file coords_7.pdb (PDB, N, CA, C and O atoms and all ligand atoms)
ATOM      1  N   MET A   1      -6.860  17.804  -2.902
ATOM      2  CA  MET A   1      -6.505  16.949  -4.066
ATOM      3  C   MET A   1      -6.800  15.476  -3.816
ATOM      4  O   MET A   1      -7.543  15.132  -2.885
ATOM      5  N   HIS A   2      -6.227  14.606  -4.645
ATOM      6  CA  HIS A   2      -6.475  13.167  -4.526
ATOM      7  C   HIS A   2      -7.992  12.966  -4.581
ATOM      8  O   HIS A   2      -8.568  12.075  -3.973
ATOM      9  N   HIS A   3      -8.601  13.850  -5.356
ATOM     10  CA  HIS A   3     -10.030  13.920  -5.654
ATOM     11  C   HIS A   3     -10.619  12.526  -5.974
ATOM     12  O   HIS A   3     -10.161  11.864  -6.896
ATOM     13  N   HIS A   4     -11.648  12.096  -5.241
ATOM     14  CA  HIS A   4     -12.211  10.755  -5.446
ATOM     15  C   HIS A   4     -13.730  10.646  -5.291
ATOM     16  O   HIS A   4     -14.276  11.012  -4.260
ATOM     17  N   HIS A   5     -14.403  10.139  -6.325
ATOM     18  CA  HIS A   5     -15.853   9.926  -6.282
ATOM     19  C   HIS A   5     -15.993   8.466  -5.875
ATOM     20  O   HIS A   5     -15.682   7.566  -6.651
ATOM     21  N   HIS A   6     -16.449   8.224  -4.653
ATOM     22  CA  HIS A   6     -16.555   6.858  -4.171
ATOM     23  C   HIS A   6     -17.783   6.066  -4.607
ATOM     24  O   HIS A   6     -18.894   6.593  -4.640
ATOM     25  N   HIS A   7     -17.565   4.795  -4.940
ATOM     26  CA  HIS A   7     -18.645   3.882  -5.307
ATOM     27  C   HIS A   7     -18.353   2.556  -4.627
ATOM     28  O   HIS A   7     -17.252   2.030  -4.737
ATOM     29  N   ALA A   8     -19.343   2.024  -3.919
ATOM     30  CA  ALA A   8     -19.182   0.764  -3.207
ATOM     31  C   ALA A   8     -18.674  -0.360  -4.101
ATOM     32  O   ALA A   8     -17.928  -1.232  -3.653
ATOM     33  N   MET A   9     -19.065  -0.335  -5.369
ATOM     34  CA  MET A   9     -18.651  -1.383  -6.299
ATOM     35  C   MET A   9     -17.367  -1.095  -7.074
ATOM     36  O   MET A   9     -16.979  -1.882  -7.934
ATOM     37  N   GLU A  10     -16.701   0.017  -6.778
ATOM     38  CA  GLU A  10     -15.471   0.350  -7.491
ATOM     39  C   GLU A  10     -14.423  -0.744  -7.299
ATOM     40  O   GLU A  10     -14.352  -1.375  -6.246
ATOM     41  N   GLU A  11     -13.615  -0.960  -8.329
ATOM     42  CA  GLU A  11     -12.571  -1.978  -8.291
ATOM     43  C   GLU A  11     -11.248  -1.363  -8.727
ATOM     44  O   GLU A  11     -11.105  -0.916  -9.867
ATOM     45  N   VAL A  12     -10.284  -1.312  -7.815
ATOM     46  CA  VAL A  12      -8.985  -0.765  -8.161
ATOM     47  C   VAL A  12      -7.903  -1.705  -7.671
ATOM     48  O   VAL A  12      -8.174  -2.667  -6.947
ATOM     49  N   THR A  13      -6.677  -1.425  -8.081
ATOM     50  CA  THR A  13      -5.533  -2.209  -7.653
ATOM     51  C   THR A  13      -4.527  -1.259  -7.018
ATOM     52  O   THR A  13      -4.157  -0.250  -7.616
ATOM     53  N   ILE A  14      -4.114  -1.565  -5.794
ATOM     54  CA  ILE A  14      -3.113  -0.759  -5.105
ATOM     55  C   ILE A  14      -1.832  -1.590  -5.143
ATOM     56  O   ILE A  14      -1.837  -2.753  -4.745
ATOM     57  N   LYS A  15      -0.745  -1.005  -5.637
ATOM     58  CA  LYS A  15       0.525  -1.724  -5.714
ATOM     59  C   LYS A  15       1.425  -1.281  -4.580
ATOM     60  O   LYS A  15       1.699  -0.091  -4.439
ATOM     61  N   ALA A  16       1.884  -2.235  -3.775
ATOM     62  CA  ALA A  16       2.789  -1.928  -2.672
ATOM     63  C   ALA A  16       4.189  -2.417  -3.034
ATOM     64  O   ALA A  16       4.412  -3.622  -3.168
ATOM     65  N   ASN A  17       5.118  -1.481  -3.208
ATOM     66  CA  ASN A  17       6.501  -1.823  -3.526
ATOM     67  C   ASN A  17       7.264  -1.792  -2.214
ATOM     68  O   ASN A  17       7.463  -0.729  -1.626
ATOM     69  N   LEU A  18       7.688  -2.963  -1.758
ATOM     70  CA  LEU A  18       8.402  -3.070  -0.495
ATOM     71  C   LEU A  18       9.915  -3.146  -0.658
ATOM     72  O   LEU A  18      10.425  -3.816  -1.567
ATOM     73  N   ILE A  19      10.622  -2.436   0.217
ATOM     74  CA  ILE A  19      12.079  -2.461   0.239
ATOM     75  C   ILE A  19      12.466  -2.782   1.677
ATOM     76  O   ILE A  19      12.030  -2.097   2.613
ATOM     77  N   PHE A  20      13.276  -3.823   1.861
ATOM     78  CA  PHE A  20      13.685  -4.220   3.199
ATOM     79  C   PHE A  20      15.058  -3.666   3.571
ATOM     80  O   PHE A  20      15.768  -3.135   2.724
ATOM     81  N   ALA A  21      15.420  -3.792   4.844
ATOM     82  CA  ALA A  21      16.688  -3.264   5.342
ATOM     83  C   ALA A  21      17.927  -3.730   4.581
ATOM     84  O   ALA A  21      18.878  -2.958   4.418
ATOM     85  N   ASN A  22      17.933  -4.978   4.113
ATOM     86  CA  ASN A  22      19.095  -5.475   3.382
ATOM     87  C   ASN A  22      19.042  -5.188   1.886
ATOM     88  O   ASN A  22      19.870  -5.680   1.125
ATOM     89  N   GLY A  23      18.072  -4.379   1.470
ATOM     90  CA  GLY A  23      17.954  -4.039   0.065
ATOM     91  C   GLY A  23      17.063  -4.963  -0.745
ATOM     92  O   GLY A  23      16.762  -4.663  -1.909
ATOM     93  N   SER A  24      16.641  -6.082  -0.156
ATOM     94  CA  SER A  24      15.772  -7.006  -0.876
ATOM     95  C   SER A  24      14.434  -6.320  -1.127
ATOM     96  O   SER A  24      14.089  -5.336  -0.462
ATOM     97  N   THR A  25      13.681  -6.845  -2.086
ATOM     98  CA  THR A  25      12.423  -6.229  -2.482
ATOM     99  C   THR A  25      11.344  -7.230  -2.877
ATOM    100  O   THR A  25      11.603  -8.420  -3.043
ATOM    101  N   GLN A  26      10.131  -6.707  -3.033
ATOM    102  CA  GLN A  26       8.981  -7.462  -3.521
ATOM    103  C   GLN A  26       7.851  -6.473  -3.740
ATOM    104  O   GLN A  26       7.865  -5.367  -3.192
ATOM    105  N   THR A  27       6.897  -6.858  -4.574
ATOM    106  CA  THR A  27       5.733  -6.029  -4.833
ATOM    107  C   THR A  27       4.519  -6.907  -4.539
ATOM    108  O   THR A  27       4.512  -8.096  -4.869
ATOM    109  N   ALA A  28       3.511  -6.334  -3.887
ATOM    110  CA  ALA A  28       2.289  -7.064  -3.578
ATOM    111  C   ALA A  28       1.134  -6.198  -4.065
ATOM    112  O   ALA A  28       1.186  -4.974  -3.941
ATOM    113  N   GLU A  29       0.103  -6.824  -4.627
ATOM    114  CA  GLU A  29      -1.053  -6.082  -5.125
ATOM    115  C   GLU A  29      -2.294  -6.373  -4.299
ATOM    116  O   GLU A  29      -2.514  -7.500  -3.866
ATOM    117  N   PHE A  30      -3.112  -5.346  -4.108
ATOM    118  CA  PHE A  30      -4.335  -5.464  -3.335
ATOM    119  C   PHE A  30      -5.481  -4.916  -4.165
ATOM    120  O   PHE A  30      -5.370  -3.847  -4.763
ATOM    121  N   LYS A  31      -6.577  -5.664  -4.211
ATOM    122  CA  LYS A  31      -7.728  -5.277  -5.014
ATOM    123  C   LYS A  31      -9.010  -5.131  -4.211
ATOM    124  O   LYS A  31      -9.246  -5.870  -3.256
ATOM    125  N   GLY A  32      -9.834  -4.173  -4.623
ATOM    126  CA  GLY A  32     -11.098  -3.910  -3.955
ATOM    127  C   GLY A  32     -11.401  -2.432  -4.123
ATOM    128  O   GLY A  32     -10.945  -1.821  -5.088
ATOM    129  N   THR A  33     -12.169  -1.844  -3.210
ATOM    130  CA  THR A  33     -12.436  -0.417  -3.332
ATOM    131  C   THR A  33     -11.099   0.258  -3.052
ATOM    132  O   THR A  33     -10.180  -0.369  -2.518
ATOM    133  N   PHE A  34     -10.972   1.524  -3.415
ATOM    134  CA  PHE A  34      -9.716   2.215  -3.167
ATOM    135  C   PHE A  34      -9.384   2.192  -1.678
ATOM    136  O   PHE A  34      -8.247   1.930  -1.282
ATOM    137  N   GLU A  35     -10.394   2.455  -0.860
ATOM    138  CA  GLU A  35     -10.226   2.495   0.587
ATOM    139  C   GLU A  35      -9.861   1.152   1.212
ATOM    140  O   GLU A  35      -8.959   1.072   2.050
ATOM    141  N   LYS A  36     -10.563   0.101   0.809
ATOM    142  CA  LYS A  36     -10.308  -1.224   1.356
ATOM    143  C   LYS A  36      -8.974  -1.794   0.876
ATOM    144  O   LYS A  36      -8.243  -2.394   1.661
ATOM    145  N   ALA A  37      -8.647  -1.604  -0.399
ATOM    146  CA  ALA A  37      -7.378  -2.112  -0.931
ATOM    147  C   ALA A  37      -6.220  -1.407  -0.229
ATOM    148  O   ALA A  37      -5.205  -2.021   0.102
ATOM    149  N   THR A  38      -6.374  -0.106  -0.007
ATOM    150  CA  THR A  38      -5.352   0.668   0.676
ATOM    151  C   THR A  38      -5.178   0.119   2.098
ATOM    152  O   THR A  38      -4.055  -0.093   2.549
ATOM    153  N   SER A  39      -6.281  -0.123   2.797
ATOM    154  CA  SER A  39      -6.203  -0.661   4.155
ATOM    155  C   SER A  39      -5.505  -2.020   4.180
ATOM    156  O   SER A  39      -4.684  -2.279   5.063
ATOM    157  N   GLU A  40      -5.840  -2.880   3.218
ATOM    158  CA  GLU A  40      -5.230  -4.210   3.134
ATOM    159  C   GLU A  40      -3.722  -4.123   2.901
ATOM    160  O   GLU A  40      -2.962  -4.942   3.422
ATOM    161  N   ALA A  41      -3.293  -3.142   2.110
ATOM    162  CA  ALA A  41      -1.868  -2.970   1.821
ATOM    163  C   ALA A  41      -1.117  -2.638   3.109
ATOM    164  O   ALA A  41      -0.082  -3.235   3.413
ATOM    165  N   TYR A  42      -1.641  -1.682   3.867
ATOM    166  CA  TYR A  42      -1.009  -1.305   5.126
ATOM    167  C   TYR A  42      -1.086  -2.463   6.122
ATOM    168  O   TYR A  42      -0.175  -2.658   6.925
ATOM    169  N   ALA A  43      -2.167  -3.241   6.068
ATOM    170  CA  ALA A  43      -2.297  -4.384   6.973
ATOM    171  C   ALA A  43      -1.181  -5.386   6.673
ATOM    172  O   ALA A  43      -0.605  -5.980   7.589
ATOM    173  N   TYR A  44      -0.869  -5.568   5.392
ATOM    174  CA  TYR A  44       0.198  -6.493   5.017
ATOM    175  C   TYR A  44       1.523  -5.957   5.559
ATOM    176  O   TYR A  44       2.307  -6.712   6.135
ATOM    177  N   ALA A  45       1.776  -4.658   5.391
ATOM    178  CA  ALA A  45       3.021  -4.085   5.902
ATOM    179  C   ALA A  45       3.129  -4.339   7.411
ATOM    180  O   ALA A  45       4.198  -4.700   7.909
ATOM    181  N   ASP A  46       2.023  -4.173   8.135
ATOM    182  CA  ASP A  46       2.038  -4.408   9.581
ATOM    183  C   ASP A  46       2.389  -5.864   9.921
ATOM    184  O   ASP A  46       3.086  -6.116  10.910
ATOM    185  N   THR A  47       1.922  -6.823   9.120
ATOM    186  CA  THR A  47       2.230  -8.230   9.405
ATOM    187  C   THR A  47       3.716  -8.511   9.232
ATOM    188  O   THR A  47       4.252  -9.449   9.822
ATOM    189  N   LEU A  48       4.387  -7.690   8.432
ATOM    190  CA  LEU A  48       5.814  -7.879   8.185
ATOM    191  C   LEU A  48       6.723  -7.144   9.169
ATOM    192  O   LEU A  48       7.936  -7.348   9.157
ATOM    193  N   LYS A  49       6.149  -6.303  10.027
ATOM    194  CA  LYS A  49       6.956  -5.527  10.968
ATOM    195  C   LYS A  49       7.735  -6.366  11.996
ATOM    196  O   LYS A  49       8.883  -6.059  12.311
ATOM    197  N   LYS A  50       7.131  -7.436  12.502
ATOM    198  CA  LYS A  50       7.798  -8.276  13.496
ATOM    199  C   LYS A  50       9.181  -8.747  13.037
ATOM    200  O   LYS A  50      10.164  -8.647  13.778
ATOM    201  N   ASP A  51       9.265  -9.242  11.808
ATOM    202  CA  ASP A  51      10.529  -9.735  11.278
ATOM    203  C   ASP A  51      11.387  -8.720  10.544
ATOM    204  O   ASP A  51      12.601  -8.894  10.441
ATOM    205  N   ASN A  52      10.767  -7.657  10.048
ATOM    206  CA  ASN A  52      11.496  -6.682   9.247
ATOM    207  C   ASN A  52      11.660  -5.270   9.796
ATOM    208  O   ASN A  52      12.315  -4.441   9.162
ATOM    209  N   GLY A  53      11.075  -4.993  10.955
ATOM    210  CA  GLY A  53      11.207  -3.663  11.535
ATOM    211  C   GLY A  53      10.084  -2.714  11.147
ATOM    212  O   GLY A  53       9.220  -3.051  10.338
ATOM    213  N   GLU A  54      10.098  -1.517  11.723
ATOM    214  CA  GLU A  54       9.062  -0.528  11.437
ATOM    215  C   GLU A  54       9.114  -0.084   9.987
ATOM    216  O   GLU A  54      10.170  -0.131   9.347
ATOM    217  N   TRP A  55       7.975   0.354   9.463
ATOM    218  CA  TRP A  55       7.944   0.786   8.079
ATOM    219  C   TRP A  55       7.617   2.260   7.884
ATOM    220  O   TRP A  55       7.030   2.920   8.757
ATOM    221  N   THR A  56       8.023   2.756   6.719
ATOM    222  CA  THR A  56       7.833   4.138   6.311
ATOM    223  C   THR A  56       7.202   4.086   4.929
ATOM    224  O   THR A  56       7.580   3.251   4.109
ATOM    225  N   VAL A  57       6.239   4.957   4.658
ATOM    226  CA  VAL A  57       5.621   4.944   3.341
ATOM    227  C   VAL A  57       5.723   6.283   2.635
ATOM    228  O   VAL A  57       5.720   7.340   3.271
ATOM    229  N   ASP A  58       5.852   6.213   1.315
ATOM    230  CA  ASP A  58       5.874   7.384   0.455
ATOM    231  C   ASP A  58       4.812   7.011  -0.566
ATOM    232  O   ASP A  58       4.924   5.983  -1.238
ATOM    233  N   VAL A  59       3.762   7.820  -0.652
ATOM    234  CA  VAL A  59       2.667   7.537  -1.570
ATOM    235  C   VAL A  59       2.970   8.089  -2.954
ATOM    236  O   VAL A  59       3.501   9.193  -3.090
ATOM    237  N   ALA A  60       2.637   7.321  -3.985
ATOM    238  CA  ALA A  60       2.900   7.757  -5.345
ATOM    239  C   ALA A  60       1.769   7.397  -6.293
ATOM    240  O   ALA A  60       0.798   6.745  -5.906
ATOM    241  N   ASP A  61       1.898   7.840  -7.540
ATOM    242  CA  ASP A  61       0.906   7.533  -8.553
ATOM    243  C   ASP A  61      -0.519   7.828  -8.107
ATOM    244  O   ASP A  61      -1.413   6.987  -8.228
ATOM    245  N   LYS A  62      -0.714   9.032  -7.586
ATOM    246  CA  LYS A  62      -2.022   9.490  -7.148
ATOM    247  C   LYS A  62      -2.680   8.588  -6.113
ATOM    248  O   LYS A  62      -3.906   8.560  -5.996
ATOM    249  N   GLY A  63      -1.863   7.853  -5.361
ATOM    250  CA  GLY A  63      -2.395   6.978  -4.332
ATOM    251  C   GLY A  63      -2.472   5.505  -4.697
ATOM    252  O   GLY A  63      -2.748   4.667  -3.833
ATOM    253  N   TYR A  64      -2.219   5.175  -5.960
ATOM    254  CA  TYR A  64      -2.289   3.781  -6.389
ATOM    255  C   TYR A  64      -1.012   2.986  -6.141
ATOM    256  O   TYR A  64      -0.993   1.771  -6.315
ATOM    257  N   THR A  65       0.052   3.672  -5.738
ATOM    258  CA  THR A  65       1.321   3.015  -5.458
ATOM    259  C   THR A  65       1.798   3.419  -4.066
ATOM    260  O   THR A  65       1.824   4.604  -3.728
ATOM    261  N   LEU A  66       2.146   2.426  -3.255
ATOM    262  CA  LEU A  66       2.644   2.688  -1.914
ATOM    263  C   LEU A  66       4.073   2.161  -1.847
ATOM    264  O   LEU A  66       4.299   0.954  -1.928
ATOM    265  N   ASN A  67       5.042   3.065  -1.731
ATOM    266  CA  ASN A  67       6.436   2.648  -1.643
ATOM    267  C   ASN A  67       6.782   2.569  -0.164
ATOM    268  O   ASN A  67       6.952   3.589   0.505
ATOM    269  N   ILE A  68       6.859   1.340   0.338
ATOM    270  CA  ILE A  68       7.108   1.092   1.751
ATOM    271  C   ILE A  68       8.493   0.529   2.042
ATOM    272  O   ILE A  68       8.922  -0.451   1.434
ATOM    273  N   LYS A  69       9.192   1.154   2.984
ATOM    274  CA  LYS A  69      10.528   0.703   3.351
ATOM    275  C   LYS A  69      10.560   0.274   4.819
ATOM    276  O   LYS A  69       9.994   0.943   5.685
ATOM    277  N   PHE A  70      11.213  -0.854   5.082
ATOM    278  CA  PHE A  70      11.333  -1.396   6.433
ATOM    279  C   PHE A  70      12.725  -1.089   6.965
ATOM    280  O   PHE A  70      13.721  -1.282   6.269
ATOM    281  N   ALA A  71      12.781  -0.630   8.211
ATOM    282  CA  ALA A  71      14.032  -0.223   8.845
ATOM    283  C   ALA A  71      14.927  -1.335   9.362
ATOM    284  O   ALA A  71      16.123  -1.118   9.580
ATOM    285  N   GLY A  72      14.348  -2.513   9.568
ATOM    286  CA  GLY A  72      15.109  -3.633  10.083
ATOM    287  C   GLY A  72      15.181  -3.581  11.599
ATOM    288  O   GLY A  72      15.857  -4.449  12.189
TER     289      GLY A  72
HETATM  290 ZN    ZN A 101      -2.000  15.363  -0.185
HETATM  291 ZN    ZN A 102     -21.136   8.283  -8.739
HETATM  292 ZN    ZN A 103     -14.578  14.791  -9.976
HETATM  293 ZN    ZN A 104     -13.612   4.752  -2.881
HETATM  294 ZN    ZN A 105     -17.706   2.006   0.442
HETATM  295 ZN    ZN A 106       9.902 -14.331  12.799
END
call {"tool": "encode", "arguments": {"input": "coords_7.pdb", "output": "structure tokens", "more": "lines below"}}
Ligand SMILES: [Zn+2]
Ligand SMILES: [Zn+2]
Ligand SMILES: [Zn+2]
Ligand SMILES: [Zn+2]
Ligand SMILES: [Zn+2]
Ligand SMILES: [Zn+2]
result
Amino acid sequence: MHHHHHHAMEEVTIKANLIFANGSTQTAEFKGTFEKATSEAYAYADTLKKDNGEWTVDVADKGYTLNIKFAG
């Protein structure tokens, strides 16, 4: 599943919904090919690990939404 016809020029938006240990939240958007935008989203989560703890992801909306939670 998650069937995808790749095109170098494809343009999509990946939405990352972040939830932190204290319940605070934020959403960040990443644009580019599906693959590159997805990589950038996870890269952002990694930059936040030092201050917010390890993260866990639950993928939604056929891959266009990444619900990421930080353990603190
Ligand atoms: Zn699957
Ligand atoms: Zn094609
Ligand atoms: Zn198809
Ligand atoms: Zn693609
Ligand atoms: Zn490509
Ligand atoms: Zn710090």
call {"tool": "closest_residue", "arguments": {"input": "coords_7.pdb", "among": "A:55, A:70, A:44, A:34", "to": "residue 8 (chain A)", "atoms": "only C-alpha atoms"}}
result
A:34
call {"tool": "resolve_selection", "arguments": {"input": "coords_7.pdb", "expression": "the PyMOL selection byres (((not hetatm)) within 8 of (chain A and resi 106))", "output": "ChimeraX atom specification"}}
result
/A:50-52
call {"tool": "atom_distance", "arguments": {"input": "coords_7.pdb", "atom1": "CA of residue 32 (chain A)", "atom2": "atom N of residue 2 (chain A)"}}
result
19.2 Å
call {"tool": "residues_near_ligand", "arguments": {"input": "coords_7.pdb", "ligand": "ligand ZN 105 (chain A)", "cutoff": "7 Å", "atoms": "all atoms listed in the file", "output": "CSV table (one decimal) with N, CA, C and O atoms, keeping the file's coordinate frame"}}
result
chain,number,residue,atom,x,y,z
A,6,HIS,N,-16.4,8.2,-4.7
A,6,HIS,CA,-16.6,6.9,-4.2
A,6,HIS,C,-17.8,6.1,-4.6
A,6,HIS,O,-18.9,6.6,-4.6
A,7,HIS,N,-17.6,4.8,-4.9
A,7,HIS,CA,-18.6,3.9,-5.3
A,7,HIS,C,-18.4,2.6,-4.6
A,7,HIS,O,-17.3,2.0,-4.7
A,8,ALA,N,-19.3,2.0,-3.9
A,8,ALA,CA,-19.2,0.8,-3.2
A,8,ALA,C,-18.7,-0.4,-4.1
A,8,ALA,O,-17.9,-1.2,-3.7
A,9,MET,N,-19.1,-0.3,-5.4
A,9,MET,CA,-18.7,-1.4,-6.3
A,9,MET,C,-17.4,-1.1,-7.1
A,9,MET,O,-17.0,-1.9,-7.9
A,33,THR,N,-12.2,-1.8,-3.2
A,33,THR,CA,-12.4,-0.4,-3.3
A,33,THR,C,-11.1,0.3,-3.1
A,33,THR,O,-10.2,-0.4,-2.5
call {"tool": "resolve_selection", "arguments": {"input": "coords_7.pdb", "expression": "the PyMOL selection byres (((chain A and resi 45 and name CA) around 9) and not hetatm and name CA)", "output": "PyMOL selection string"}}
result
chain A and resi 16+18+40-44+46-49+54-55+68+70
call {"tool": "write_last_selection", "arguments": {"input": "coords_7.pdb", "atoms": "N, CA, C and O atoms", "output": "PDB file, in the coordinates of the input"}}
result
ATOM      1  N   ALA A  16       1.884  -2.235  -3.775  1.00  0.00           N
ATOM      2  CA  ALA A  16       2.789  -1.928  -2.672  1.00  0.00           C
ATOM      3  C   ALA A  16       4.189  -2.417  -3.034  1.00  0.00           C
ATOM      4  O   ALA A  16       4.412  -3.622  -3.168  1.00  0.00           O
ATOM      5  N   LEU A  18       7.688  -2.963  -1.758  1.00  0.00           N
ATOM      6  CA  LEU A  18       8.402  -3.070  -0.495  1.00  0.00           C
ATOM      7  C   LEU A  18       9.915  -3.146  -0.658  1.00  0.00           C
ATOM      8  O   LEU A  18      10.425  -3.816  -1.567  1.00  0.00           O
ATOM      9  N   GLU A  40      -5.840  -2.880   3.218  1.00  0.00           N
ATOM     10  CA  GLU A  40      -5.230  -4.210   3.134  1.00  0.00           C
ATOM     11  C   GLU A  40      -3.722  -4.123   2.901  1.00  0.00           C
ATOM     12  O   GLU A  40      -2.962  -4.942   3.422  1.00  0.00           O
ATOM     13  N   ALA A  41      -3.293  -3.142   2.110  1.00  0.00           N
ATOM     14  CA  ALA A  41      -1.868  -2.970   1.821  1.00  0.00           C
ATOM     15  C   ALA A  41      -1.117  -2.638   3.109  1.00  0.00           C
ATOM     16  O   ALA A  41      -0.082  -3.235   3.413  1.00  0.00           O
ATOM     17  N   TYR A  42      -1.641  -1.682   3.867  1.00  0.00           N
ATOM     18  CA  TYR A  42      -1.009  -1.305   5.126  1.00  0.00           C
ATOM     19  C   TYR A  42      -1.086  -2.463   6.122  1.00  0.00           C
ATOM     20  O   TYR A  42      -0.175  -2.658   6.925  1.00  0.00           O
ATOM     21  N   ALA A  43      -2.167  -3.241   6.068  1.00  0.00           N
ATOM     22  CA  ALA A  43      -2.297  -4.384   6.973  1.00  0.00           C
ATOM     23  C   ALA A  43      -1.181  -5.386   6.673  1.00  0.00           C
ATOM     24  O   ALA A  43      -0.605  -5.980   7.589  1.00  0.00           O
ATOM     25  N   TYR A  44      -0.869  -5.568   5.392  1.00  0.00           N
ATOM     26  CA  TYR A  44       0.198  -6.493   5.017  1.00  0.00           C
ATOM     27  C   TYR A  44       1.523  -5.957   5.559  1.00  0.00           C
ATOM     28  O   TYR A  44       2.307  -6.712   6.135  1.00  0.00           O
ATOM     29  N   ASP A  46       2.023  -4.173   8.135  1.00  0.00           N
ATOM     30  CA  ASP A  46       2.038  -4.408   9.581  1.00  0.00           C
ATOM     31  C   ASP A  46       2.389  -5.864   9.921  1.00  0.00           C
ATOM     32  O   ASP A  46       3.086  -6.116  10.910  1.00  0.00           O
ATOM     33  N   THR A  47       1.922  -6.823   9.120  1.00  0.00           N
ATOM     34  CA  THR A  47       2.230  -8.230   9.405  1.00  0.00           C
ATOM     35  C   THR A  47       3.716  -8.511   9.232  1.00  0.00           C
ATOM     36  O   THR A  47       4.252  -9.449   9.822  1.00  0.00           O
ATOM     37  N   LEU A  48       4.387  -7.690   8.432  1.00  0.00           N
ATOM     38  CA  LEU A  48       5.814  -7.879   8.185  1.00  0.00           C
ATOM     39  C   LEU A  48       6.723  -7.144   9.169  1.00  0.00           C
ATOM     40  O   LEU A  48       7.936  -7.348   9.157  1.00  0.00           O
ATOM     41  N   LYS A  49       6.149  -6.303  10.027  1.00  0.00           N
ATOM     42  CA  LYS A  49       6.956  -5.527  10.968  1.00  0.00           C
ATOM     43  C   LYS A  49       7.735  -6.366  11.996  1.00  0.00           C
ATOM     44  O   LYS A  49       8.883  -6.059  12.311  1.00  0.00           O
ATOM     45  N   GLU A  54      10.098  -1.517  11.723  1.00  0.00           N
ATOM     46  CA  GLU A  54       9.062  -0.528  11.437  1.00  0.00           C
ATOM     47  C   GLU A  54       9.114  -0.084   9.987  1.00  0.00           C
ATOM     48  O   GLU A  54      10.170  -0.131   9.347  1.00  0.00           O
ATOM     49  N   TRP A  55       7.975   0.354   9.463  1.00  0.00           N
ATOM     50  CA  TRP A  55       7.944   0.786   8.079  1.00  0.00           C
ATOM     51  C   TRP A  55       7.617   2.260   7.884  1.00  0.00           C
ATOM     52  O   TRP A  55       7.030   2.920   8.757  1.00  0.00           O
ATOM     53  N   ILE A  68       6.859   1.340   0.338  1.00  0.00           N
ATOM     54  CA  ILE A  68       7.108   1.092   1.751  1.00  0.00           C
ATOM     55  C   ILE A  68       8.493   0.529   2.042  1.00  0.00           C
ATOM     56  O   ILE A  68       8.922  -0.451   1.434  1.00  0.00           O
ATOM     57  N   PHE A  70      11.213  -0.854   5.082  1.00  0.00           N
ATOM     58  CA  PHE A  70      11.333  -1.396   6.433  1.00  0.00           C
ATOM     59  C   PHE A  70      12.725  -1.089   6.965  1.00  0.00           C
ATOM     60  O   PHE A  70      13.721  -1.282   6.269  1.00  0.00           O
TER      61      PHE A  70
END
call {"tool": "atom_distance", "arguments": {"input": "coords_7.pdb", "atom1": "CA of residue 4 (chain A)", "atom2": "atom C of residue 66 (chain A)"}}
result
18.8 Å
call {"tool": "select_by_dssp", "arguments": {"input": "coords_7.pdb", "residues": "chain A", "states": "strand (DSSP E)", "output": "PyMOL selection string"}}
result
chain A and resi 12-19+25-32+55-60+65-70
call {"tool": "closest_residue", "arguments": {"input": "coords_7.pdb", "among": "A:11, A:27, A:1, A:22", "to": "residue 63 (chain A)", "atoms": "only C-alpha atoms"}}
result
A:1
